[PDB]
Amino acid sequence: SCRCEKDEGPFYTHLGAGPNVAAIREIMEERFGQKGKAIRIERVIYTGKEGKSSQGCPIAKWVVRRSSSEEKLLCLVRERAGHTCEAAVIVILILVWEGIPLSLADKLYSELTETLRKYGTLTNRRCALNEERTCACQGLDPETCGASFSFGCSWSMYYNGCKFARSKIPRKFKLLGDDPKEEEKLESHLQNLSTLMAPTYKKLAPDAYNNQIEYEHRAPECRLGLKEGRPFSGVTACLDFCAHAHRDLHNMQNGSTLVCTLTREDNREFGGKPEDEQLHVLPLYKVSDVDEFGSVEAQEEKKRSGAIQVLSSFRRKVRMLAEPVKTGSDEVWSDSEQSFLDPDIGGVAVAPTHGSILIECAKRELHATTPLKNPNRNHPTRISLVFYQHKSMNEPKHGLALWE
């Protein structure tokens, strides 16, 4: 809508936009209700060159880490090359460090782990594997490997609408076999969490939130949540799951995704040094040489303090399946040397904390999560709860009338 192509990155404003970085701080200070050090903004640069290992699997090159307990809100922004207009700078990620009560995050971790390991039905996804479909990033033990579990409503190409188009009584929280008591406990946890996160979503990304509630009263059966204001329709739980680089292509246009992170008990204090850790990665971005306010020295101090961790290349042994998964293993050397030799190969990661809430337009931005050293969904290093709304979920009763 200005008079200033793919190489500048995807253009959208429903998370926030302004003429310069200072304007983004003004927006976020008003939205969040606090000023100054409570809000941190990082400039990130779109390169379009994807960081990945020699086997095609996700890597991080820089890690944005919470700088102190005084930092409450992290915002990643992209300045669009060449633009001087009202939307020259756009917001691509919002992270609330203190998202949900820690006692609730503690309880969800244990309850969801136990329920999903004794009754969970695995939901298969394309991003579970690399391009060649031969990696072992989830682990190779079927009893313990990382896995994804999907609930709520989902879009289906066979009905061009909700997958429950001809389900007399849909089970949004289906578990293995039939146990209504266990499914109701799981449903109660995730419905309560949907209800809690909706006001945070409205507060911090109001334009994306408002888009997601436009047809709430037209398709109530395809929405989660217990109170007025229901932006979500589906939720996926990921337990030690390595999401290879992808976009969520059938998410609705002009919406976003909210991610609630839960972590193992050894990674729940700010001063901690956990044994393992999973990161959320934007593979097409690099970090800036200046901080939010344009200072070179400020950015260097954040690198020395760990607030921005500059990683170096690795060479590790991994497994490679002898035959690809359709649609035995061997030990091979996997390295990231070439991704680190090129300064313009991307890989900006964030380290979300226990109980944090992350907001990003997963439909437009390429993203990934890193593989765990020893995945174990029975005692996961990280659980992510991923809340979204698919496209074409706007018909009553899961679109039963259209299907007829």
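Numbers follow the displayed sequence, beginning with 1. Between two forms, the rigid core is defined as the largest C-alpha subset superposing within 1.5 Å.
Each structure in 5 other deposited structures of this protein is fitted to the shown form on the rigid core, and of 265 to 273 and 223 to 231 the C-alphas lie farther away on average for 265 to 273. According to the entry, the deposited sequence has 10 or more residues without coordinates between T327 and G328. Deposited sequence between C4 and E5: 4 to 9 residues lack coordinates. Taking the PDB entry as given, 267 to 275 carries the higher mean Cα B factor of the two stretches 267 to 275 and 190 to 198. Across the two stretches, 77 to 85 and 229 to 237, the PDB entry reports the greater mean Cα temperature factor for 77 to 85. Considering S148, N211, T257, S167 together, the PDB entry gives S167 the largest C-alpha B factor. Across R247, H244, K172, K286, the greatest Cα temperature factor reported in the deposited entry is at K172.
Among the modelled residues of its chain, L93 has a C-alpha B-factor that falls in the lowest third, as given in the PDB entry. Residue-level temperature factors show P380 in the lowest third of its chain, judged at the C-alpha atom. Among all modelled residues in its chain, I308 ranks in the middle third by Cα B-factor. Ranked against the other modelled residues of its chain, the C-alpha B-factor of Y158 as given in the entry falls in the highest third. In this PDB entry, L122 carries a Cα temperature factor that places it within the highest third of its chain's modelled residues.
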